[PDB]
Amino acid sequence: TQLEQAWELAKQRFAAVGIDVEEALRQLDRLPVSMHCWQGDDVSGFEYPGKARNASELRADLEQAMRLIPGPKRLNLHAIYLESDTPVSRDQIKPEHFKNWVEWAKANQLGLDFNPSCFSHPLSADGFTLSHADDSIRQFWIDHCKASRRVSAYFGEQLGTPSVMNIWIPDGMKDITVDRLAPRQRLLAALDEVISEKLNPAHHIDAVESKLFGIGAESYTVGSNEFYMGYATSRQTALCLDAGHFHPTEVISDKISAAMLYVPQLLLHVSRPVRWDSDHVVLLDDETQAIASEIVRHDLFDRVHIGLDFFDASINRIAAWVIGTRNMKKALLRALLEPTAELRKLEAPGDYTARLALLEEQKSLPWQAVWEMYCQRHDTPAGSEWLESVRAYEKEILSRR
Amino acid sequence: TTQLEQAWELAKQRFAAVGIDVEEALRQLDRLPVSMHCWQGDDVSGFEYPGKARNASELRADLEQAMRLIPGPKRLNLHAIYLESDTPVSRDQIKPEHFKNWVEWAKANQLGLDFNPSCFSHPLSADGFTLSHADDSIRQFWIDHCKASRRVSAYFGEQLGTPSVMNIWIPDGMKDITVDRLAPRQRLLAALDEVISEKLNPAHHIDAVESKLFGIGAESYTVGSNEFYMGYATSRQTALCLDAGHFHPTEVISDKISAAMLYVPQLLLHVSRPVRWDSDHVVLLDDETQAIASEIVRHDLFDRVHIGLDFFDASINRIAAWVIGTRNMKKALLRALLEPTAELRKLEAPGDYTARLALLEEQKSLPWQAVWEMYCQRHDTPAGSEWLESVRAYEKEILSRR
Amino acid sequence: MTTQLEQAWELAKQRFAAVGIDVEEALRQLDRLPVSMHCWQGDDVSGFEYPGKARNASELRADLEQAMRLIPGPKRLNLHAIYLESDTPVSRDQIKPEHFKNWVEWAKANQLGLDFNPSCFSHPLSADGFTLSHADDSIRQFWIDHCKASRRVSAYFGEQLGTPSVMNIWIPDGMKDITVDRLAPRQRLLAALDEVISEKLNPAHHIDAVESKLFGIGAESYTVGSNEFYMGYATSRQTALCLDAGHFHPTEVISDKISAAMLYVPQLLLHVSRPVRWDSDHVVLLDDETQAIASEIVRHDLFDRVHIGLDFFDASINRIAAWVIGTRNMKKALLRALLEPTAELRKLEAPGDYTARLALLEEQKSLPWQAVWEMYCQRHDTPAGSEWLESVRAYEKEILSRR
Amino acid sequence: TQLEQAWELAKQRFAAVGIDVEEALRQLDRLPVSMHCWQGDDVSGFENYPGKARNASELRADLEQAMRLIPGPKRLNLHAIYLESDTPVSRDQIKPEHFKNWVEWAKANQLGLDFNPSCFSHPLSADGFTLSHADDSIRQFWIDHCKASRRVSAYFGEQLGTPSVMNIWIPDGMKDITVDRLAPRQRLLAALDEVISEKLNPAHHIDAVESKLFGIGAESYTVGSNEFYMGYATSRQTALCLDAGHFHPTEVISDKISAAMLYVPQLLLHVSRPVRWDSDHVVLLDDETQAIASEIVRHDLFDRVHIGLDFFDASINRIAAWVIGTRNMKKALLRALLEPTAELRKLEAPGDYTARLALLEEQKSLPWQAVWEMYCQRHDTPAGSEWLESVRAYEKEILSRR
Ligand SMILES: [Zn+2]
Ligand SMILES: [Zn+2]
Ligand SMILES: [Zn+2]
Ligand SMILES: [Zn+2]
C-alpha cells in the first residue's frame, strides 16, 4: 500500500500540472532500450569474477538482468557472438550461425540488433580494417560487413521488428599522421560497397558510428564525427551518436535535433565517459536526462533507437546491465512527465524566467512514485531489493564459474 | 491529513527504513546557511532584464522578496561598492560606519553578513592590475582598501555574532601571451601579506582568497591562480575560496574539498554554473551542485565551510535568480543529509563496489521531494512553483515602475 | 637584397634540396595561396551605418594599405555588409552593389580579390538573439532578404574582379540558458537558408558558405547553427562549409576536419583565429594548430577548393599590427608546410615506419625555413623581420595618433 | 662548412637583438635533462615495437646509443624495479647495493642519477591503493618501500656528487563514483610524513611529490591530486613534481611554475605529450614544450628546477623516442636562451603589448636552428636528421637480434 499510496498522491500532483501519469507509463512502454551483449563476457565472444563463458551462460545472465528491468528491451549482438560447432571466418557468417539467438529472442519477446565485429582479429592488427590500404584485408572486412547485413535482415524477418546494424571500426593512428585523407577515401568507398545490397527496410537498418579517439589511436580516427555526419546525410543511413565518443564537454543531446533534420534515423549509444571514452555504467545524471528529454520532446519514438554502450568489468556484470538500463528508463520517464507544451510556450514568449523556474521545479515533483509503480506493473522490484537477486545469483551460479 | 503530511509520512517511513531520520535531516539543514550575493540585485552597480534595483533601499526590498521565498537560514554577501555614504568615500578610506544601515537591517532580518573588497570597475584598476600593480602608489591604494575592508568585516562579526568571511578576489591578469608571470605574483604575495597583517578577532572575521582561471580580457594569464592561492592559504593559514565556475573545462571543486581541507583551516565554496566558459549562470540542482553538497555533509564540514552563491544573470528576473539558486543549493544539501553515508562508506571500505554504485543510484529515486516540501512549508515558504507568482506580483507592482 | 639574406638563402636552398625540397617551387606555390584579411579588425566591427581605430571607409582603406605593404604575397579583403558606403542610411534588406562600388574600385587598383558576408548582428532586429531562425515571420523575412541581397553584392564582386567572392553566412542565433525546444529554430533555419540560396548565381562569381559556432557570450547553452547542423547543410545542399578555428569544443581542431569534410562538400572556407579559454578571437600565432591547418591544406593539394581567411579581433593592440602579425603567421605556416617532404613522409607512413615519420616531422622544425620566408618577403618588397613594426609605429605617430 | 657559415650569420642576427650566441651555448650546458629509464623496456623492470631491452646490460647499451645522439648534459632517472639482484628482493627491503652497477656506470658516463619508489605492478598494489591503503599492513609495506628508496636515492647523491631527486608517484584512486575521498587522503598525508621522516642530506637527496588527474581504471578519483600535493609540498617543504600529461584538458604546467615557486623549494618538471589522455607520447618541439622551457629560463631557474622526461611510447624505436624527446626539450631550452627577455619584459612593463606580441612572434623566424646545430657540433653529436641512420644501424645490428 505504501507504493500505492505514494502513487496516488503523485497522480494528483502531476494532474495539477497537466500531466497524466498513467499515460506516461504507457508511453514508457513504447521505448525499448537495446542491451549490449558484450558486457556479460567482457567482449570475448564465442570464436570481477563470474563472466559468462559461452552462449548458454550469457543468455542465463541476460535473463537474470531482464527480470530486474521493467519494460521493453532488445538485445544488441556483435558478430563474434555467433554459435557454430565449427569455426567460421568473419567474412562468411550466415544467418544459421545466429539461429539460437533468434529462437531465444522469440521466446523472450525481444527484438535483436546487430553489429559487424571489426576488431580483435589478425586482420585488424595494424589498426585498419575497412580503411586498410591492403586490398585483400580491406575486402575481407567489406565482406564481413556485407554478410553481417544479411544476418541483420534475417533477424528482422524472424522477429517482427527491424534490426539496426551499427558499423563501428577502430581505424586510426596513435601518433602524428601525415595522410588523414587516403584512409577516409578508402573508408567512404568501402562503406558504399558495404551497403550496396538493398535490403528490406522493414527488417534492416544500417547505422554508422564515429569516435573521437581510442587508446593506441588517439591522434587520428578515420571515421570521425564529420566523416560520418557527411556519410549518413549523403547516403541516407542512420547515424549513431555515442554519448562517450566526443570531445570533453561535447554533448550528443544537442546533436539530436540537428542531425534529425538530415538523417532518417538515429541510434543513440548511452554510456558514461570519465576522463576519457571510459565506458562507465550509465547513471541518472544530467546528460542521460538531457538525451531522454530530447528524445521525448521531439516525439522521436519511431526514428530513434536507444542502446547501452558501456563496458565495466570491475563490478558484477548483471548489476551493470540493471543499473544502466533502469537509469535510462528512469530518465525517459522523467522526460515523459515534463509539461512540455507549457514550457515551450513560455519559452516562445520570451518568459525565460518562468522557463528556468519551472524546469527546476520539475526536479522536486514526485516522479519517483511513478517509476516505482512502473516497476510494480512489470513485476520488477521498485527499489534496492533487486540487488538481493543479483547477490543470490552470484552465490548459486556465478561463484562456480 | 493534508497531502503534504501524507507524502511526508510516507517518506519518513521510507527513509527510516535506510536508517535516516527525516526530522533530524531538517534540523541539520538549518545548520547550513547560504550567503546570497548582493550584486545580482543591481548588476554589480553598487552605490558609489528590466527592474534592477537602483539604490540600497530598492536592493533591500528586492532581497526581502527573495528571502521570503527561500526557506531557512541565509546570509548576505556584500561588496565594498555597496557602502551607503551621503558623500563620496575613496575606497581606501571606507569605515564601518559606511555599512551601518546594512548591519541594522541584517540584525532585523536574522542574517549574518559576509564581505569583499571591490578591486575592479575603478580608475585605479584600469590597467588590469590592482594588488599586483607595478606602480607603488596604485598597489598601495588597493592594499589600503583591502586593509580597511577587513575592519568593516570585523565590525559585522562584532555586531551580528557570527564571523564575517571576507573574500579577496582580484581581476589581475593579461589578455595575451605574457612575458613575466612571476613579478606580478611576487608583488601579489607581498601585498596580501600586508593586507592580512592586522590581526583581527577570528570570532568576528575570517580572511579568504579566491582564484580564477581566466576572465574576459585577461584570458592568457591570471595572477591569482589556483596554485598561487592554494600555496597562499596553506602557508598563511587563511581560508581558501573554491569557485565552481572558475576552473578548467571538466574541472570540479567537489573533488578539491577533501584535499584542501587537510591543509587550510576553512573553505569558502562559491556555487555558480559555468556554461561553456566562466559564464556565471544560476545554480541548478545538477550533478556538480549535488557533488558539492555531498562532500560538505559527508565530511561533516559544518563548522569550517561557508557556502555562497557567486553567479550573475541579468537576462531573467533578479529576484527569481536568487530564489532558484538558493533553493537549489538547499535542495542539494538536503539530499546529502538524507544519504545513508555510513552504510555506503562501509560497502566501499569492503570493496563492494557493485552495491556502492547500485545504492548510490537507488538513492536518486528515494522520496527526498516530500522532505524538501515539508522543509519549505515549515519555513513558511512555497513548496513548489507557486513562488513564481509572488515574484510576478512584485514585478507588476514594484519592478515595473523602475 | 643584402648579401646576408642571399647567403642565408643559398644555404637553405641546398639544405632543402637535400631532402628533395625545391625552395623556389615552395615560394611559387606560396604565391597561389591568398589570405583573406577581415575588414572588421580595423574599426572594432563598427561598420559604417587601444586608440587609433578607423572611423570610415577612407580611414579603413588607408589602414589596410599600411598593413598590405608589410605582408608579402597575395591577399584578399573580406567585407561585411555593414561596411557599405552610401550618403544616407540603407535598410539591410535593401542593400545593393552600388553601395560597395568604392570597395570594388579600390580592390581593382590594389590587385585584391574581395569576399563578403551578410551582417546578422548588432541590429534592432537581431536584438532577441534570433535572425534567420526567428519565430516571427517578419523578422525572419528581413534577414532572409538581407541574405539574398548580400548574395547579389557578392556576385557583383566576382563579376568585377574576376575571382569568385566567397560569401559566408554566420548568425548569432541561440539561447543563453537551458532550452526547451532546440528543434523548431533549426527547422526554421533550414528553411530560411534554402530560401536564401534559391536564386542561382554564377559560380564563377559567387560561392555560398555556412559557418557554425559552438557558443556565444549571452548564447552559451544552445546555438541554432551548430557544427552538425551545417555539416548536414553543406553536404545536402552542396554549399561551401566554413570551419572556424576558435568556434569549437575544448581541444577540438579544425585541422582534422578538413580531410573529412572535403569528401562531402565542394569547398571549404577556413577561418583562422586563436581561441584563448574561449572564442576570444585573439591574433593568429605561428603555433601548433595554425601549422596543422596549413599542413592539411598543402598536403591535400587543396589550392582550388579552400579559401583561407583570418577571423579574429583584438582591440587591445595596434590594429594594423594585428593584421600584419596574423597574416604573416598564416603565410609562414603555409610556407613550412610547402617545405615539407610530404611524398617521402607519406611513403614512410604507408610502410608503417612510424619511427622515421615522427623523427623526420620533428627534424623539419630545425631546417632553415626562416631563410626561405625572408627571401619571399624581400622579393615582395616587404620587411623580412621585426623592422615592419617601425613602419607601424611611424604610421601610428603620424596618423593613428591624431585619431 | 655550411654549418659554420650558417652559424656566423646567426651570430650576427642574434647579436643585433642583444643576444650572444656563445653565452647561449654555455648556459644550455647548465641544463641537464633527466632521461627516464623505463622507455627502454616498456616499464617492465628486472624483478607494438620489437627490440625492447630485457636486462640491465641491454638497457645500458641502449641508453648509450641514445646518449651519443643527444648533445649536452643528461641524467638517468631510475625506477626501483630496475634493481640488479641475482635473487628476488622484496620491495620493502631494497638496498644501495642493489643499484651499484647503475652507480658505477653512471660515474663512468658523467651522469647524475635520479630515482623513484615503484608503487605499481605489484600484488600489494592490486586493489588500486598503496600508501593510502586502509589495510595497515599493505600501507606499511609501501611506506617501507618508499623509506628504503630514499636511502637508495641518498646513496646515488653521495656517490655521484649531485643530489638524486626522488619522485613519489602513486596510482591510488577509484575507477567509479566514490563515497569517501577524505579517508584515503588522510592516510596518504600521514603515510608521506612517515616516509620522509628520516633526515637525509639535502645535497645528496631531494624528496618530490607528483600529482595525477586520472588513471585508466582509476578515472573518478585520484587520492594524490594537484591540490593535495600543492598543500603537501608547501607545508612540508618538499619539491613538487609538475607533469605536462597529468592535468585537465587545456590545463598547462608552464603557467604553474611561477606560482608554485613562490611556495615550494624546488620543482621537478616532467615533460610529456598527453593525447586525449596521459598517453605519454614523445615530447615534441611544440607550444607547451616551448612555454615550459621559457618559464624555466626567464626566471633563471637553473638551480631550483629539475627537468625530466616522462612519456612512454612502445609503438616506435625506443632509442629514437628518447632521442627525439631529449633533443626537443634541449632545442626549446635553447630557444628560450636566445630570447631577448629583458627587452620583452621592458616592453610589457610599459604596456607596449603590440611590440611584445610582435617581437615574440618574430623570434620564431630568427635563425635559432644554426645555433642548435652548432651546439650539436660542439658536443660531437649529429646536427640534423642523420642521427636516425645511427639508430637504424643499431637496430639492424642490435635491436634485430632481440
Ligand atoms: Zn557506441
Ligand atoms: Zn567566487
Ligand atoms: Zn569565422
Ligand atoms: Zn610525471
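Residue numbering for chain B follows Swiss-Prot, covering 2-49, 65-418 in order.
Determined via X-ray crystallography, 1.6 Å.
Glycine is no exception: its Cβ is also placed from the backbone N, Cα and C atoms.
Listed features, source Swiss-Prot:
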type: BINDING; residues: B:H95, B:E226, B:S227, B:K228, B:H262, B:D326; note: L-rhamnose binding site
type: BINDING; residues: B:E226, B:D259, B:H286, B:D326; note: Zn(2+) binding site
type: BINDING; residues: B:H262, B:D294, B:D296; note: Mn(2+) binding site
Neighbouring C-beta atoms (10 Å sphere around the C-beta of B:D259 (Zn(2+) binding site)): 25
Could you tell me how far apart, in whole Å, the Cα atoms of B:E49 and B:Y65 are, given that 15 residues between them are missing from the model? 22
Near B:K228 (L-rhamnose binding site), meaning Cα within 10 Å, which of B:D259, B:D294, B:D296 (binding-site residues)? B:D259, B:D294
Rounded Cα distance in angstrom between B:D259 (Zn(2+) binding site) and B:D326 (L-rhamnose binding site) is 8
Between B:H95, B:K228, B:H286, which of the binding-site residues has the fewest other CB atoms within 10 angstroms in the structure shown? B:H95
Number of Cβ atoms other than its own within 10 Å, given for B:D326 (L-rhamnose binding site): 25
Under 8 Å between C-beta atoms and at least six apart in sequence, can you list the same-chain neighbours of B:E226 (L-rhamnose binding site), or say none if there are none? B:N183, B:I184, B:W185, B:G240, B:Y245, B:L256, B:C257, B:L258, B:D259, B:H262, B:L284, B:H286
Give the subset of the binding-site residues B:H95, B:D259, B:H286, B:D296, B:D326 lying near ligand 2, defined as CB under 6 A from any of its atoms. B:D259, B:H286, B:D326
Separation of alpha carbons, B:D294 (Mn(2+) binding site) and B:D326 (L-rhamnose binding site) (Å): 11
Check each residue in the chain of B:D296 (Mn(2+) binding site) that is at least six apart in sequence and keep those whose C-beta is under 8 Å from its C-beta; list them in sequence order. B:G261, B:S288, B:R289, B:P290, B:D326, B:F327, B:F328, B:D329
Mn(2+) site shell beyond B:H262, B:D294, B:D296, criterion: Cβ within 8 Å of Cβ centroid: B:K228, B:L229, B:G231, B:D259, B:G261, B:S288, B:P290, B:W293, B:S295, B:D326, B:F327
Measuring Cα to Cα, how far is B:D294 (Mn(2+) binding site) from B:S227 (L-rhamnose binding site) in Å? 12
Binding-site residues compared (B:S227, B:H262, B:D294) - the one with the fewest other Cβ atoms within 10 Å: B:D294
Using the residues the record lists for L-rhamnose (B:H95, B:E226, B:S227, B:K228, B:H262, B:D326), what whole-number Å value is the largest Cα to Cα distance? 19
